[PDB]
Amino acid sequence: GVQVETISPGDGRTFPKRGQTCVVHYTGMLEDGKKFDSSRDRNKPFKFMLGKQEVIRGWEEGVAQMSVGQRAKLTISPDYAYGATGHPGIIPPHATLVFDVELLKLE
């Protein structure tokens, strides 16, 4: 599944609701410690809407547990990410993913 470990606290009262757009910055790393992506490196905050099946399960459920301003480490098992397939070119087969995520604001 997905384990959420807080790095820095959010406001503790503003959690994402389906229908809201979450705006975040993240760095994604594999088990071997290699970075597979960073919105910070691309200088482009990642935005997604809960309940629209637009992100992996680990994100859908993990980012949901975060309050605005929170920074947390999400550790996602392959069944909650890309499974056996992975995503050739960025994520290998059966990969456990670790995302350092910061919930900036809700739009």
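The term rigid core refers to the maximal set of C-alpha atoms that superpose within 1.5 Å between the two forms. Sequential numbering from 1, following the sequence displayed.
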Should one compare 7 to 15 and 85 to 93 by root mean square Cα distance from the shown form in 4 other deposited structures of this protein, core superposed, the larger belongs to 85 to 93
Superpose on the core, then say which of 57 to 65 and 35 to 43 ends up with the larger RMS Cα offset from this form in 4 other deposited structures of this protein. 35 to 43
Which is higher on average in the deposited entry, the C-alpha temperature factors of 85 to 93 or of 14 to 22? 14 to 22
Determine, for stretches 61 to 69 and 43 to 51, which one has the higher mean CA B-factor as deposited. 43 to 51
Lowest, middle or highest third: where is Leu30 by C-alpha B factor in its chain? highest
Record-listed C-alpha B factor of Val101: chain third: lowest
